[PDB]
Each structure stands twice: as structure tokens, then as C-alpha cells.
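Q: Handing you a structure now.
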Amino acid sequence: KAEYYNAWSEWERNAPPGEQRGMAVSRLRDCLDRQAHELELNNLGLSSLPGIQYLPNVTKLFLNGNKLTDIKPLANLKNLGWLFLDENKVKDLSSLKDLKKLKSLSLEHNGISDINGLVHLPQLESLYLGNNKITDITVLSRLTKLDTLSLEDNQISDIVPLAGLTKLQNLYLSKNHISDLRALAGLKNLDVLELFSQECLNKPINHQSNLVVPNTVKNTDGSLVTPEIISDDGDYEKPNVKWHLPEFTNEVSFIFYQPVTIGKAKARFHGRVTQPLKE
Numbered sequence: 002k003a004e005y006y007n008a009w010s011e012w013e014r015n016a017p018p019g020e021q022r023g024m025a026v027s028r029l030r031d032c033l034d035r036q037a038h039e040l041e042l043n044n045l046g047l048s049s050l051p052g053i054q055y056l057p058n059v060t061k062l063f064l065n066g067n068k069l070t071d072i073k074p075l076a077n078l079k080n081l082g083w084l085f086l087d088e089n090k091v092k093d094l095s096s097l098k099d100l101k102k103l104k105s106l107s108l109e110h111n112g113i114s115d116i117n118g119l120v121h122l123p124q125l126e127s128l129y130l131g132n133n134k135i136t137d138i139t140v141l142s143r144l145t146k147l148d149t150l151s152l153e154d155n156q157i158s159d160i161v162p163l164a165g166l167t168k169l170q171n172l173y174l175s176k177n178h179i180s181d182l183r184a185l186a187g188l189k190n191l192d193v194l195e196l197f198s199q200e201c202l203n204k205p206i207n208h209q210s211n212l213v214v215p216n217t218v219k220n221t222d223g224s225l226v227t228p229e230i231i232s233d234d235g236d237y238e239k240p241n242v243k244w245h246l247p248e249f250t251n252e253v254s255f256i257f258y259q260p261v262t263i264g265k266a267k268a269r270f271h272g273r274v275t276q277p278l279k280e
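Residue numbers for the sequence shown follow the working numbering, so the first one is 2 and each next one is one higher.
And the structure:
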């Protein structure tokens, strides 16, 4: 504990060129001294953590509203059940690998794209990944104990990794790039499902005066969703969206609004497909 108090003072003096490192050192000492289960470090602006070697009574770590980029210091908090890292800048989760009791992880607004470190947390029950940069969700197929998964406001178009996650009950997928719901067809245990605000972007094609674009928006059974609104006087004749474009234009689009039911869960699958055109 002398060595701990010491490490923490050195760290307190390395604030980069508005971090509340005094308050943090106070909280760390209070936590260690009382062998507390909770270490509350929210909104301190911290850009790093010192060495923390042995807080094995700590089961709840609150770090919302800091600016951490490296969570290697958390690696030995092996008894953590709840970890909150909202609005940090963490971009690799491999340092969590020995946290086998972790049940809840919040990591909103970190800008993370590489979530492969989740492979080490098969017992996770709640995972909050809203507002990140996630395109590749293939790790999530390992997280078969999740009850709650937020993936909203990411860059996800391939949801196949969720297809076997039948335990899922709360699933937030709004503000992604999802046009095909088939991966959700077996998720009949859902209560909450959010699928609004999709913005899907086709690869460019050449402009033609008679344009014919296959519809790519699919229900959970693979059937095509009839567009609601089509740009530029276009029409729909399944399976195609059609336009007459006597002059070049650089894009056309269409909007879809589809009630979905998966088990008991009811949601609106609602979004836009954009088709860029090359002259």
C-alpha cells in the first residue's frame, strides 16, 4: 500500500499539458483503504490510469466521461462484474481477457472499430456499443449469454453473426446500414428490437435512361420489402425499382417502412437505400 500510494502520486504529476487526478488518487486510496467493492471515477477527464495491482474486492468500475485510450491497467481487476467506459477512446479490448466474471460492459462513444477482444468474455450478459465505428461484428457470435446488445449508430451491414444468439432479449440496431433482416429470423426471444434509421448505400452503377435496380431490402424470411417512397418519379415492379432518367443525375433513392414481428417483438424497420450513378 506504500508502493501503491507512491505510484499514484507519480501518475498524478503526469497530467498531459483538465484532469482531476487528485480526486482520482483520493478515490483510489479510499477504495483500497476500505476494501470497497465500488471505484467511482466518472467525469474526471482522465487520459490514463496508474498501475492498479490488487483491488480484488472491486466488482464495479465507473469510468464514464474520461478519455482513456489504454485499458491495460484494468487487466488485473479480475473480479469486475460491471465496467462503464462511455465517452472514452478505447480501441482495443484484449486487456479485458482475464475478466471472466464481467457481466456488463458499456463502451458507448469510444470510436472503437475492432471489438475482437470480446472473444474473451463469453459470460457477458449486457453489452453497450452504441455510437462507435463498428463494421465487423463476427466476434459477437461467441457472446451467447447476452440478454442485451446495443449496436446502434455504427457502420454495420452484415448482421449474420447475430443469427445464433437466441438468448438475446434487447437488441438495438438503429442507425446502421442494414437492409437484410434474415439474420434475425431465429431470435424469437426478443422483447425490445430497434431497426429504424438505416441508411444503405449501393455500389455505383452507370446511369441509364431506363434504370432498373434490384431491390435489396429483405424481411426476416428473405422476402423483398416494397418501397414506400421512390425518388425521381420511380416505380416498383418486384423485384426491381425502376426509373426514367432522360438526363444524367448522380443518385436515385428509395425509402422503406416495414413493420417487423420476430417472436413477440414488434419493430419498425425503416430506412433509405441510395444508388449512386456514373455518367
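Where is the CB? At the ideal position from N, CA and C, for every residue including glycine.
Flag this pair as yes or no: are the beta carbons of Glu-153 and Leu-128 separated by less than 8 Å?
A: Counted from its first residue, the sequence shown places residue 153 at position 152. Counted from its first residue, the sequence shown places residue 128 at position 127. No, the Cβ-Cβ distance between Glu-153 and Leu-128 is not below 8 Å.
Q: Within 10 Å of its beta-carbon, does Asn-117 have 16 or more other beta-carbons around it, so buried, or fewer, so exposed?
A: Counted from its first residue, the sequence shown places residue 117 at position 116. So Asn-117 ends up on the exposed side.
Q: Pick helix, strand or coil for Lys-73, following the three-state DSSP scheme.
A: Counting from 1 along the sequence shown, the entry for residue 73 is found at position 72. DSSP places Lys-73 in helix when its eight states are reduced to three.
Q: So, helix, strand or coil for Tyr-129, using DSSP?
A: For the purposes of this step, residue 129 is identified with residue 128 of the sequence shown, where counting begins at 1. Note: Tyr-129 maps to strand in three-state DSSP.
Q: Pull the bridge partners of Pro-228 from the DSSP assignment, please.
A: For the purposes of this step, residue 228 is taken as the residue at position 227 of the sequence shown. For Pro-228, which the question treats as bridged, DSSP gives no partner whatsoever.
Q: Of all Cβ atoms in chain D, is any one closer than 8 Å to the Cβ of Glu-252?
A: Within the model displayed, chain D is absent; a lone protein chain is all it includes.
Q: If I follow the unbroken beta strand (DSSP E) through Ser-180, where does it start and stop?
A: Start at 1 with the first residue of the sequence shown, and residue 180 comes out as number 179. Segment: none, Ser-180 is in no beta strand (DSSP E) and carries neither H nor E.
Q: Out of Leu-196, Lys-189, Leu-163, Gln-170, which has the shortest C-alpha to C-alpha gap to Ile-179?
A: Counted from its first residue, the sequence shown places residue 179 at position 178. Checking every option, the nearest Cα to that of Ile-179 belongs to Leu-196.
Q: Kindly indicate which three-state DSSP category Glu-11 falls into: helix, strand or coil?
A: Taking the first residue of the sequence shown as 1, we reach residue 11 at position 10. In the structure shown, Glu-11 sits in a helix (DSSP, three-state: H, G or I).
Q: Going by the CB atoms, is the gap between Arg-183 and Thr-221 shorter than 8 Å?
A: Counting from one through the sequence shown, the residue named residue 221 turns up at place 220. Counting from one through the sequence shown, the residue named residue 183 turns up at place 182. Contact flag set, yes.
Q: Over the uninterrupted alpha helix (DSSP H) stretch that includes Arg-22, give me the two end residues.
A: Against the sequence shown, residue 22 aligns to sequence position 21. Per DSSP, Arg-22 belongs to the alpha helix (DSSP H) from 22-34.
Q: Which term fits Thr-227, buried or exposed, when burial requires 16 or more other beta carbons within 10 angstroms of its beta carbon?
A: Within the sequence shown, the letter at position 226 stands for residue 227. The residue is exposed, with fewer than 16 neighbouring Cβ atoms inside 10 Å.
Q: Looking at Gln-124: is its Cβ nearer than 8 Å to the Cβ of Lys-98?
A: Here the question's residue 124 lines up with position 123 in the sequence shown. Here the question's residue 98 lines up with position 97 in the sequence shown. Their beta carbons are not under 8 Å apart, which means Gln-124 does not touch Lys-98 by this criterion.
Q: Check whether the stretch 229-241 touches the stretch 126-143, counting contact only when three or more Cβ pairs, one atom from each stretch, lie closer than 8 Å.
A: Counting Cβ pairs under 8 Å, fewer than three are found: no touch.
Q: Who does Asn-207 pair with in a DSSP beta bridge?
A: Within the sequence shown, residue 207 is the residue found at index 206, counting from 1. Answer is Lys-279, bridged to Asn-207.
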